[PDB]
Every structure is written in structure tokens, then in C-alpha cells.
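Participant: Take this structure first; my questions come after.
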Amino acid sequence: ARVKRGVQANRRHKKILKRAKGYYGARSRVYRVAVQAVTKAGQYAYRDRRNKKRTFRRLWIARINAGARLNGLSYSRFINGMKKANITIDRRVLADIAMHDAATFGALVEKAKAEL
Amino acid sequence: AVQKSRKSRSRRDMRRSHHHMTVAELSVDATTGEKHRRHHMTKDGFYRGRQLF
Amino acid sequence: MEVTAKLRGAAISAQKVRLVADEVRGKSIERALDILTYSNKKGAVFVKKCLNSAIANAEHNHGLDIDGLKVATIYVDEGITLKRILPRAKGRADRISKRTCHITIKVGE
RNA sequence: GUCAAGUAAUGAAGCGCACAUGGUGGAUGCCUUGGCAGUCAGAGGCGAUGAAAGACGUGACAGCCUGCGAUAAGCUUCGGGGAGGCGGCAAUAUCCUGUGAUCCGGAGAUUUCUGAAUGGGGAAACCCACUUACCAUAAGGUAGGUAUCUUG
RNA sequence: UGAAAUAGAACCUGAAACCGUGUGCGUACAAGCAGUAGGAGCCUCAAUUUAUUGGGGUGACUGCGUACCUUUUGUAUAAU
RNA sequence: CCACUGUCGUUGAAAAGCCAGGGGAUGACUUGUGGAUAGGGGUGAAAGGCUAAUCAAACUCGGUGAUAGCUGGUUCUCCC
RNA sequence: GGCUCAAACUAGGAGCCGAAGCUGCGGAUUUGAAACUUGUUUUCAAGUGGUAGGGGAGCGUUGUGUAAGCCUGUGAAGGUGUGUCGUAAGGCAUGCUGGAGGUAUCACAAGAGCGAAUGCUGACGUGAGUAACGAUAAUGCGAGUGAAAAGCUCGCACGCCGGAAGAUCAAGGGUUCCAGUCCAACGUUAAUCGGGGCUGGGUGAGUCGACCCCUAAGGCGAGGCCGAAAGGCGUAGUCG
């Protein structure tokens with residue numbers, strides 16, 4: 001009962017070469033290089049799934065700092081004033097408001113400054 | 001003496017980019033009205049209205 | 001509309017014939033024939049020969065006016081390689097690739 | 001419209017990724033004329049009446065393979081069979097065939113040379129012989145015999 | 001002619017490496033395992049009462065990021 | 001016939017050569033043909049030299065899939 | 001980078017940033033505890049980094065039964081894309097190519113899964129259109145032929161060997177010898193040319209050599225001697 005590996009090997013290798021589409025050079029053409037690039041790509045995706053939350057929190061904090069300083073206050077005091085006012089708005093929503101609605105963020109800064 | 005890592009196809013093509021075929025200039029003799037290379041006599045042998053043979 | 005001539009099996013490397021092909025690609029048949037007949041490369045005889053075959057095809061089998069024809073597209077492909085042995089010093093042998101090429105020319109308005 | 005400042009877009013000698021369409025190459029799938037391991041039976045030898053293995057020839061047709069052996073893809077005889085056939089690459093031509101061909105089975109005849117080779121020798125397919133009988137008259141042909149050992 | 005001729009004799013199918021041609025986007029002030037997480041622009045299909053979404057192609061710019069195996073106390077290792 | 005020096009060559013024209021020089025060149029000389037010595041054996045004006053580009057024990061086949069506490073490799077997935 | 005009543009140091013105070021830690025939301029899973037109770041359902045508690053290694057649960061491929069079944073020229077296998085499903089191996093469907101086979105479900109057996117072993121076979125890359133085209137004795141021109149002439153034929157001129165690079169043999173090879181015809185492969189380039197392909201022809205002996213007669217070295221060798229067998233030696237003789 002002999003088994004030939006041709007068909008299964010072909011399909012196994014096509015899966016990897018399909019996941020390796022768009023890569024440079026040997027990485028998208030030959031299996032020995034493509035398979036490493038796909039595994040390394042998965043590793044990068046796994047790590048950046050952690051890192052993306054930090055990056056976006058970073059961006060929200062930067063935008064909130066910019067808005068607070070336009071309204072006459074720093075980020076470390078504006079967040080403290082939020083926490084003393086018992087305002088639960090997250091940094092994502094705060095950055096959205098700062099970026100797309102200046103007057104509402106001004107009102108928020110007024111509440112924070114009244115609480116400070 | 002030898003490569004440490006095989007040259008890529010793009011790198012190989014970049015060297016080839018400069019190589020180009022030469023295209024000869026073309027003029028027509030008034031007397032015979034035939035295509036011929038610039039400053040070179042015609043197939044028939046009529047050059048600047050003169051008989052070589 | 002595209003009339004084709006094929007010159008499978010030229011005794012010359014495709015890499016050499018491609019330099020000739022690049023200069024006649026897209027030109028009118030008159031200019032291409034002039035370039036090929038005043039070219040100093042061996043690939044030029046094969047390319048002119050295939051272009052003439054294509055022009056004859058377009059004029060005889062399809063009744064086209066060769067005055068308005070053009071080299072619509074041309075490319076050279078690698079043919080079958082003849083494998084030969086080259087003796088070297090100290091009793092060592094090397095393989096020799098005597099490469100061939102296939103020339104495809106399509107002419108049309 | 002001029003000047004000054006600032007700031008876009010556009011480039012492709014070549015290259016990259018994707019797709020479309022090709023060349024090369026011969027994987028894969030399917031297939032087999034070929035192998036492998038066994039069961040149940042048969043048989044277990046061939047050769048001086050020249051073996052096994054060969055060399056050279058043999059056809060209408062040049063080569064190889066197959067068969068054959070100067071009677072040379074063959075001959076005679078005895079059975080089967082009834083319409084095609086002169087083996088294959090591989091066809092062509094001349095032809096054969098119901099007066100039974102081709103083909104199959106049994107028997108017989110022919111069976112060059114080397115090879116145990118056995119008349120002597122030898123670098124296998126070669127050289128040289130002796131002798132009996134007959135034929136020929138010329139410088140030969142036909143049919144035989146001529147190794148060694150053992151036992152009588 | 002053949003059902004079929006990219007079944008045309010190197011002839012069933014015809015993968016990959018490798019090498020061409022064509023179309024779309026990017027690329028000549030910018031430094032490194034070449035990806036990944038974002039992301040403008042552009043091109044292309046579909047909708048949608050009409051530049052707004054969905055699918056696909058490319059990827060300006062920003063962050064992070066020194067291959068695989070083996071053997072080792074320990075490898076991007078300039079150890080195999 | 002030999003091979004003392006140097007350059008070149010060293011993926012060579014050549015798996016030991018070419019060029020310029022060099023030694024013997026009537027002798028313990030050189031060479032043609034045939035034969036004899038066979039592996040723990042041969043031959044050796046002796047270098048462990050030569051014995052078919054292989055010699056501190058030739059080559060071929062067999063024991064044989066020698067043995068290797070050594071090196072290398074050891075192929076699909078998920079859960080504890 | 002830059003910083004001097006600091007962006008340094010000392011002693012305090014308040015904010016904020018800051019990890020895959022904790023919390024929030026959704027999902028999977030191991031064990032254990034409760035009950036419709038072999039996943040039949042819902043919950044709760046503690047867990048779920050991992051090399052060597054141990055334990056558990058499966059995927060796919062070849063073949064056998066299921067199967068004289070089912071699918072299949074209204075298109076099997078294979079190849080190439082897309083969509084979709086599962087924690088994964090992977091499954092399903094379908095466009096194109098393909099042209100004759102495949103196999104559901106459950107069991108059963110393995111030549112059952114490759115990226116590495118300076119692994120084996122074949123094909124194809126980089127170096128790269130780079131080195132090199134094999135004695136530096138040498139070629140120039142005019143005609144001929146031809147698709148094409150630096151190389152072929154003829155002609156003129158030039159150069160090299162000439163104790164050979166001339167001629168006759170032995171050994172070895174075996175048709176390479178001559179003529180016609182051809183340029184796909186071979187000739188390190190072109191080729192009309194060739195020791196290349198194809199088709200024909202050519203080798204004439206009493207005196208040349210071989211065979212033949214004779215023998216050297218060395219073999220073999222009725223009888224004979226020796227030796228577990230195989231065989232070794234050796235006389236007459238016979239070859240050489």
C-alpha cells in the first residue's frame with residue numbers, strides 16, 4: 001500500500017505560497033524562503049496586536065494634550081479634573097471630540113478646570 | 001573571487017539596462033533612391049551620384 | 001488585427017535576440033525592416049526573417065494592407081538547450097549550454 | 001501683467017508587487033508491455049548421434065532483432081483449420097493461396113565454423129595434416145577413420 | 001482532418017524552480033532579515049439615486065522588527 | 001637518455017608541462033619485441049621506493065547492511 | 001539634541017505616563033464540585049509560558065470490505081483561481097483546464113505526511129554574456145560557387161619547416177582512403193569546407209610480409225614424481 005506525496009505536497013506548498021503573496025524575491029516564489037516569511041509575518045502580527053492598543057492610546061493622549069493646551073490646561077491636570085468630576089469618557093472618545101468638535105472639548109476643559 | 005550570496009534578478013537586470021543595440025543612420029541616394037547607411041555606399045554601388053564600377 | 005509568425009528553434013541565445021527585438025517592438029514594418037537589415041547583430045537576421053514571414057502571412061492569408069501594418073508585439077522565448085561537454089584542465093569536465101530561442105512576432109494596424 | 005516669497009503635480013535608464021498571457025521542464029493524475037511474493041500440481045537435467053555459449057552467413061529489399069544453417073525467415077511427412085498470407089521495426093515490389101496457402105501440434109531430413117572439441121597445433125570462430133575406399137587427371141572432389149582415460 | 005491540433009509527431013495531462021511580453025500602482029534626498037500594525041493617494045469592479053460604502057491591485061509616510069535548523073551555559077552570530 | 005637552476009603555467013596546451021640554461025652521451029649506457037617474479041607476497045645501486053594516474057601492505061567480488069559509548073538528520077495537527 | 005534660581009544634586013508634596021501584571025467585555029479549553037445527567041443541558045471554583053520527556057484527542061494520504069452500491073462524457077482523477085467553514089491538521093462548493101475514471105459512511109492494514117542529513121536523481125538559476133576560443137610559422141588581394149566567403153576551389157604575392165612540420169614502414173586503429181551529394185548535430189567562430197551525415201568505389205603477388213620449415217627465453221607436457229582435494233614439478237615430445 002504505497003503512498004505518493006505529490007498531490008498533498010503540492011497543496012501544502014500552495015497554501016504557504018498563497019499566504020506569501022506580495023512578498024519580495026524568493027519570499028513570494030520559493031517555499032524555503034516563503035515559509036519563514038509567513039511564520040515571521042505571523043509573529044509580527046501577534047506582537048503588533050498587543051502594540052496597536054498602546055500606539056492608539058499614545059495617539060489619543062497626544063490629541064487630548066493638544067486640545068487641553070489649546071483650552072489652557074495640560075493633560076496631566078485635565079485627566080485629573082476628569083477623574084475628580086467623575087467623568088468616565090474614555091481617551092478614544094475624548095480624542096475624537098478634541099479632533100472633530102472643539103466647543104464640546106472646551107466645555108469638558110471648563111468642567112475640569114472648575115473641578116480644579 | 002566568488003559571490004557570498006546569489007545576485008538577485010533585479011540587480012542582474014540593472015547591469016543589463018545600459019546594454020543597447022546600435023541603430024545605423026539611414027540616407028537615400030538621390031540618383032538611385034535606395035536606403036543606405038550614412039556615409040556608406042549603396043548596395044548597387046552608386047555613391048553621391050558616382051559610379052564606383 | 002494581429003497576424004502571427006513564429007520562428008521556433010533559432011540557434012542563438014534569447015538574451016542576445018532580445019536586444020534586437022526591443023528596438024523593433026512597436027515600430028512600423030518599414031522602419032523595423034530598415035533597422036533589421038542595417039543591424040550588426042546575428043539576432044537581426046532571424047528577427048527580419050520572422051517579420052518578413054509575418055508580413056507575408058498578413059498579406060496573403062488575411063489580405064491586409066502592409067502599408068499600414070506595425071510590429072504590434074514581439075518577444076523572444078528560450079528554446080531547447082543542447083547539452084555538450086567541455087574538457088578542462090586536470091581531467092575535469094564542464095557542461096556547455098548551446099541555447100536556442102523561439103521568436104514570436106505579431107503585426108497589425 | 002512684472003518682480004519677490006512659499007508650495008503642489010509630472011517624470012523612469014531600469015527596478016518592484018499583483019494579475020493576464022506565454023516559453024522551458026517534465027511533477028502530478030490516469031494507463032500498461034514489465035516486475036515481486038506465493039498456492040496447487042508436474043519436472044529436475046543437456047552432451048562425443050557433438051552440449052551450454054558464440055562467430056559467420058541466410059530475404060526481392062541497406063541495417064538490427066527473430067528464426068534458420070550452403071536444403072540456410074527454411075524442406076518432407078502425419079494430424080488440426082478454412083481464407084487469407086510471404087516474422088518485427090516497416091512498408092514496398094514480385095507473388096502464393098479452395099489443386100487448402102499463412103498459421104498450430106507430432107515425427108523426420110538438413111544442421112557451416114568455434115567451443116568438452118576429440119587427427120596435430122593455436123592468438124576461439126584459424127593454420128597444417130596422415131590415412132581407407134571411390135572418382136578425376138592433374139595440382140583436386142565425395143564418404144569415412146585417426147584425442148585422452150577407465151573397464152573388459 | 002479530427003470530438004478536440006497550446007491532441008502535429010520532443011505529440012495524454014502539463015505543476016514548481018527559472019526566463020519573457022502586456023496592463024494597474026509604487027520607486028532616482030534615501031540607509032539595514034525586506035515583514036508586520038496603522039495609513040494618504042491612485043487604479044479597477046459592484047452597488048448607491050451617484051465620489052459615499054463593499055471586493056480586488058499598488059503602497060507615499062509613521063511605529064516596532066538582527067532569517068531557519070543544529071549544537072550549546074549561551075547564537076543575528078563572523079559556529080554548522 | 002636524464003632532470004640541477006630560474007620564469008611561466010597552477011579552474012594549465014599538460015591530473016607534473018613549456019622556455020632559457022644544465023648532466024651523461026662506447027658504457028654500471030639507451031631502446032624495440034616476447035617472456036619470468038603476485039600481495040604480508042614480488043622487486044628494490046635502499047627513497048618504505050615501485051607493483052596499471054591507487055601502496056607502512058595493489059585492485060575486484062564476497063563475509064557485509066563489519067563495528068562506530070562519535071557527528072549529522074529524523075517529515076501532520078491540537079490539549080494537559 | 002541640549003540643559004546652569006536646570007532638563008544636575010539633596011529633603012519632601014501633588015498629578016500623570018508607563019507591561020502580554022490587574023480590572024472591563026466576548027470566546028475557547030483542563031481538572032474538580034453540584035444537578036434532566038457517557039456533551040443533555042446549564043452553572044460555580046481553580047487553572048491553561050515551556051526544552052528533554054510523559055499522557056490525551058484528532059486531520060490528511062494508499063489499499064481492503066461496505067461496493068454488481070453511489071458519482072461520472074449534462075464531464076472522474078489530476079492542474080490552476082475564488083468563496084466559505086473549523087482551534088489545527090484540513091473539509092466543502094464552485095469558475096477555468098482536463099478527458100475516464102473516483103469514492104460517501106463506518107471499520108481494517110500501512111512503502112501514511114520532509115526544509116534541512118557537505119542527503120540521492122532530474123531540471124533550472126547566480127557568477128555572466130564575464131574567462132577563454134589550445135604554441136606570436138602570417139597573411140593581402142582578384143575571380144568562382146553559394147542564401148550568405150577572412151577560413152572552401154583557382155590565381156598572384158607573402159611567410160614557415162625542410163635529420164622535417166618531407167617520404168617509407170613496424171605497433172596500434174579499422175574505412176579515417178577516392179568520388180558525388182548535404183550543413184540539422186560535431187569542428188571551441190562563419191562554412192559552400194572536413195578525418196562530420198548519406199550514397200557508391202577502391203586494397204589484384206611463386207619473388208614484399210604473413211602462413212610454412214627451425215629453434216632461444218618461457219610455456220604446456222602419454223608415462224613418471226609429489227600433494228587433504230584443487231593441483232605443483234618434470235622426461236620424451238609439442239608449441240613459442
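Chain lettering (A, B, ...) mirrors the order of the C-alpha cells, residue numbering begins at 1 for each chain separately, and ligand numbering begins at 1 in order of display.
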With 7 Å as the limit and counting only C-alpha atoms (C1' of nucleotides), what residues in chain E lie close to chain A? Please list them as an MDAnalysis selection string.

Facilitator: chainID E and resid 35:37 68

Participant: Using 10 Å as the limit and counting only C-alpha atoms (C1' of nucleotides), can you tabulate each residue of chain D that touches chain C, with its shortest atom-to-atom distance in Å and the two atoms involved, as a Markdown table?

Facilitator:
```
| residue | atom | partner | partner_atom | distance |
| --- | --- | --- | --- | --- |
| D:22 | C1' | C:77 | CA | 8.4 |
| D:23 | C1' | C:77 | CA | 5.0 |
| D:24 | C1' | C:78 | CA | 6.6 |
| D:25 | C1' | C:80 | CA | 9.7 |
```

Participant: Let's have the selection written as a PDB file, in the first residue's frame, with N, CA, C and O atoms (P, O5', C5', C4', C3', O3' and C1' of nucleotides).

Facilitator:
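Just written: result-v4.pdb:
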```pdb
ATOM      1  P     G D  22      -2.013  31.346 -23.192  1.00  0.00           P
ATOM      2  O5'   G D  22      -0.445  31.591 -23.087  1.00  0.00           O
ATOM      3  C5'   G D  22       0.488  30.609 -23.507  1.00  0.00           C
ATOM      4  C4'   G D  22       1.773  31.250 -23.961  1.00  0.00           C
ATOM      5  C3'   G D  22       3.025  30.399 -23.826  1.00  0.00           C
ATOM      6  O3'   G D  22       3.184  29.495 -24.905  1.00  0.00           O
ATOM      7  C1'   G D  22       3.437  32.564 -22.961  1.00  0.00           C
ATOM      8  P     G D  23       3.582  27.963 -24.634  1.00  0.00           P
ATOM      9  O5'   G D  23       5.167  28.001 -24.493  1.00  0.00           O
ATOM     10  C5'   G D  23       5.979  28.459 -25.562  1.00  0.00           C
ATOM     11  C4'   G D  23       7.377  28.773 -25.097  1.00  0.00           C
ATOM     12  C3'   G D  23       8.116  27.644 -24.398  1.00  0.00           C
ATOM     13  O3'   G D  23       8.705  26.736 -25.315  1.00  0.00           O
ATOM     14  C1'   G D  23       8.377  29.659 -23.174  1.00  0.00           C
ATOM     15  P     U D  24       8.629  25.152 -25.066  1.00  0.00           P
ATOM     16  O5'   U D  24       9.714  24.889 -23.930  1.00  0.00           O
ATOM     17  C5'   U D  24      11.072  25.269 -24.107  1.00  0.00           C
ATOM     18  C4'   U D  24      11.801  25.308 -22.789  1.00  0.00           C
ATOM     19  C3'   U D  24      11.783  24.014 -21.990  1.00  0.00           C
ATOM     20  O3'   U D  24      12.829  23.146 -22.386  1.00  0.00           O
ATOM     21  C1'   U D  24      11.284  25.875 -20.578  1.00  0.00           C
ATOM     22  P     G D  25      12.544  21.601 -22.698  1.00  0.00           P
ATOM     23  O5'   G D  25      12.494  20.924 -21.260  1.00  0.00           O
ATOM     24  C5'   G D  25      13.442  21.247 -20.252  1.00  0.00           C
ATOM     25  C4'   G D  25      12.869  20.971 -18.887  1.00  0.00           C
ATOM     26  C3'   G D  25      12.059  19.688 -18.791  1.00  0.00           C
ATOM     27  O3'   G D  25      12.890  18.585 -18.474  1.00  0.00           O
ATOM     28  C1'   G D  25      10.809  21.499 -17.892  1.00  0.00           C
TER      29        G D  25
END
```

Participant: With distances taken over only C-alpha atoms (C1' of nucleotides), which of F:65, F:38, F:11, F:71 is nearest to chain B?

Facilitator: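 Smallest distance to chain B is found for F:11.
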
Participant: Do me a favour and pick out the residues of chain B within 7 Å of chain C, using only C-alpha atoms, as a VMD selection string.

Facilitator: chain B and resid 20 to 21 23 to 24

Participant: Emit the selected residues as a PDB file, in the first residue's frame, including N, CA, C and O atoms.

Facilitator:
```pdb
ATOM      1  N   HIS B  20      22.659  48.193 -25.036  1.00  0.00           N
ATOM      2  CA  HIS B  20      21.710  48.656 -26.037  1.00  0.00           C
ATOM      3  C   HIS B  20      22.272  48.367 -27.419  1.00  0.00           C
ATOM      4  O   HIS B  20      23.484  48.444 -27.643  1.00  0.00           O
ATOM      5  N   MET B  21      21.380  48.036 -28.348  1.00  0.00           N
ATOM      6  CA  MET B  21      21.779  47.790 -29.726  1.00  0.00           C
ATOM      7  C   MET B  21      21.960  49.106 -30.470  1.00  0.00           C
ATOM      8  O   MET B  21      21.206  50.062 -30.267  1.00  0.00           O
ATOM      9  N   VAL B  23      21.741  51.467 -33.696  1.00  0.00           N
ATOM     10  CA  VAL B  23      20.860  51.621 -34.848  1.00  0.00           C
ATOM     11  C   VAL B  23      21.570  52.509 -35.859  1.00  0.00           C
ATOM     12  O   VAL B  23      21.916  53.656 -35.553  1.00  0.00           O
ATOM     13  N   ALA B  24      21.773  51.980 -37.062  1.00  0.00           N
ATOM     14  CA  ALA B  24      22.511  52.699 -38.089  1.00  0.00           C
ATOM     15  C   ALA B  24      21.670  53.827 -38.673  1.00  0.00           C
ATOM     16  O   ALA B  24      20.455  53.696 -38.844  1.00  0.00           O
TER      17      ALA B  24
END
```

Participant: Can you pull out the residues contacting residue 132 (chain G)? Cut-off 12 Å, using only C-alpha atoms (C1' of nucleotides), and skip same-chain residues under 2 positions away; I want them as a count of residues only.

Facilitator: 6

Participant: Could you list, as a list in words, the residues of chain D having an atom within 8 Å of chain A when counting only C-alpha atoms (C1' of nucleotides)?

Facilitator: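 Listing them in order of chain and number gives residues 16, 17, 18, 27 and 28 of chain D.
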
Participant: So that I can see what lies close to region 31-36 of chain D, please list as a list in words the residues with an atom at most 12 Å from it, counting only C-alpha atoms (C1' of nucleotides) and leaving out residues fewer than 5 positions away in the same chain.

Facilitator: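 Once the adjacent positions are removed, what remains is residues 12 of chain E; 100 and 101 of chain G.
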
Participant: Near residue 53 (chain F), counting only C-alpha atoms (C1' of nucleotides), which residues have an atom at most 12 Å away, once you skip same-chain residues fewer than 2 positions from it, shown as a PyMOL selection string?

Facilitator: (chain C and resi 90-91) or (chain F and resi 15-16)

Participant: Output C-alpha atoms (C1' of nucleotides) for every residue in the selection just made, as a PDB file, in the first residue's frame.

Facilitator:
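Result file is part-v8.pdb:
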```
ATOM      1  CA  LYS C  90      43.390  18.367 -14.954  1.00  0.00           C
ATOM      2  CA  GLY C  91      40.844  15.962 -16.424  1.00  0.00           C
TER       3      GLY C  91
ATOM      4  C1'   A F  15      45.925  15.160 -13.190  1.00  0.00           C
ATOM      5  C1'   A F  16      53.753  17.128 -13.364  1.00  0.00           C
TER       6        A F  16
END
```

Participant: Please run DSSP on the backbone and report, as JSON, numbers by chain, all residues within chain C that come out as strand (DSSP E or B).

Facilitator: {"C": [3, 4, 5, 6, 7, 8, 9, 10, 28, 70, 71, 72, 73, 74, 75, 76, 77, 78, 82, 83, 84, 85, 86, 87, 93, 94, 95, 96, 97, 98, 101, 102, 103, 104, 105, 106, 107, 108]}

Participant: I want to know what sits within 12 Å of residue 7 (chain F), based on only C-alpha atoms (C1' of nucleotides), with residues of the same chain fewer than 5 positions away left out; could you give that as number ranges by chain?

Facilitator: F: 18-21

Participant: Quick one: pull the distance between CA of residue 115 (chain A) and CA of residue 81 (chain A), Å, one decimal.

Facilitator: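 Distance reported for this atom pair: 5.7 Å.
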
Participant: Compile the residues of chain E that lie within 12 Å of chain C, evaluated using only C-alpha atoms (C1' of nucleotides), and express the compilation as a VMD selection string.

Facilitator: chain E and resid 10 18 to 22

Participant: Output N, CA and C atoms (P, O5', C5', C4', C3', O3' and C1' of nucleotides) for every residue in the selection just made, as a PDB file, in the first residue's frame.

Facilitator:
```
ATOM      1  P     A E  10       9.302  14.549 -32.774  1.00  0.00           P
ATOM      2  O5'   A E  10       9.706  14.661 -31.239  1.00  0.00           O
ATOM      3  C5'   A E  10       9.592  13.541 -30.364  1.00  0.00           C
ATOM      4  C4'   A E  10       9.553  13.977 -28.920  1.00  0.00           C
ATOM      5  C3'   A E  10       8.361  14.854 -28.544  1.00  0.00           C
ATOM      6  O3'   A E  10       7.996  14.634 -27.183  1.00  0.00           O
ATOM      7  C1'   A E  10      10.362  16.079 -28.250  1.00  0.00           C
ATOM      8  P     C E  18      12.598  31.173  -9.069  1.00  0.00           P
ATOM      9  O5'   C E  18      13.310  31.213 -10.491  1.00  0.00           O
ATOM     10  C5'   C E  18      14.594  30.641 -10.677  1.00  0.00           C
ATOM     11  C4'   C E  18      14.883  30.414 -12.138  1.00  0.00           C
ATOM     12  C3'   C E  18      14.511  31.556 -13.068  1.00  0.00           C
ATOM     13  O3'   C E  18      15.476  32.591 -13.079  1.00  0.00           O
ATOM     14  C1'   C E  18      13.745  29.513 -13.979  1.00  0.00           C
ATOM     15  P     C E  19      15.016  34.119 -13.258  1.00  0.00           P
ATOM     16  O5'   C E  19      14.657  34.221 -14.803  1.00  0.00           O
ATOM     17  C5'   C E  19      15.590  33.804 -15.786  1.00  0.00           C
ATOM     18  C4'   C E  19      14.996  33.846 -17.170  1.00  0.00           C
ATOM     19  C3'   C E  19      14.191  35.085 -17.513  1.00  0.00           C
ATOM     20  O3'   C E  19      14.995  36.204 -17.839  1.00  0.00           O
ATOM     21  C1'   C E  19      13.011  33.166 -18.217  1.00  0.00           C
ATOM     22  P     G E  20      14.312  37.642 -18.052  1.00  0.00           P
ATOM     23  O5'   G E  20      13.359  37.413 -19.303  1.00  0.00           O
ATOM     24  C5'   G E  20      12.277  38.287 -19.578  1.00  0.00           C
ATOM     25  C4'   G E  20      11.574  37.892 -20.848  1.00  0.00           C
ATOM     26  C3'   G E  20      10.434  38.793 -21.293  1.00  0.00           C
ATOM     27  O3'   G E  20      10.892  39.941 -21.984  1.00  0.00           O
ATOM     28  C1'   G E  20       9.748  36.533 -21.413  1.00  0.00           C
ATOM     29  P     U E  21      10.473  41.411 -21.493  1.00  0.00           P
ATOM     30  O5'   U E  21       9.059  41.653 -22.180  1.00  0.00           O
ATOM     31  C5'   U E  21       8.898  41.499 -23.583  1.00  0.00           C
ATOM     32  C4'   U E  21       7.450  41.309 -23.951  1.00  0.00           C
ATOM     33  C3'   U E  21       6.474  42.289 -23.320  1.00  0.00           C
ATOM     34  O3'   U E  21       6.419  43.533 -23.996  1.00  0.00           O
ATOM     35  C1'   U E  21       5.648  40.095 -23.067  1.00  0.00           C
ATOM     36  P     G E  22       6.085  44.878 -23.184  1.00  0.00           P
ATOM     37  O5'   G E  22       4.536  44.745 -22.843  1.00  0.00           O
ATOM     38  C5'   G E  22       3.568  44.669 -23.877  1.00  0.00           C
ATOM     39  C4'   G E  22       2.179  44.484 -23.320  1.00  0.00           C
ATOM     40  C3'   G E  22       1.763  45.458 -22.229  1.00  0.00           C
ATOM     41  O3'   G E  22       1.323  46.705 -22.737  1.00  0.00           O
ATOM     42  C1'   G E  22       1.216  43.259 -21.567  1.00  0.00           C
TER      43        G E  22
END
```

Participant: Mind pulling up the distance from CA of residue 29 (chain C) to CA of residue 29 (chain B)?

Facilitator: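 Atom-to-atom, CA of residue 29 (chain B) and CA of residue 29 (chain C) are spaced 21.2 Å apart.
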
Participant: For residue 89 (chain C), list every protein, DNA or RNA residue within 8 Å, evaluated using only C-alpha atoms (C1' of nucleotides), and leave out those in the same chain fewer than 3 positions away; present the list as a list in words.

Facilitator: residues 92 of chain C; 11, 12 and 14 of chain F

Participant: Tell me the residues of chain G close to chain C, meaning within 12 Å using only C-alpha atoms (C1' of nucleotides), as a list in words.

Facilitator: residues 123, 124, 128, 129, 132, 133, 134, 147, 148, 184, 185, 186, 188 and 190 of chain G

Participant: When distances are computed from only C-alpha atoms (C1' of nucleotides), which of A:20, A:34, A:85, A:66 shows the smallest separation from chain G?

Facilitator: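 With only C-alpha atoms (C1' of nucleotides) as the atom set, the closest residue is A:34.
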
Participant: Would you kindly report the residues of chain D within 8 Å of chain B, using only C-alpha atoms (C1' of nucleotides), as number ranges by chain?

Facilitator: D: 13-15

Participant: So that each row is one residue of chain G with an atom at most 8 Å from chain A, can you give its shortest atom pair and the distance in Å to one decimal, using only C-alpha atoms (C1' of nucleotides), rows by chain and rising number, as a tab-separated table?

Facilitator:
```
residue	atom	partner	partner_atom	distance
G:15	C1'	A:76	CA	6.1
G:16	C1'	A:76	CA	4.4
G:20	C1'	A:50	CA	7.0
G:61	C1'	A:3	CA	6.5
G:62	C1'	A:3	CA	4.5
G:63	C1'	A:1	CA	5.1
G:110	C1'	A:1	CA	6.3
G:111	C1'	A:2	CA	4.8
G:112	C1'	A:3	CA	6.6
G:113	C1'	A:5	CA	7.5
G:115	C1'	A:32	CA	6.3
```
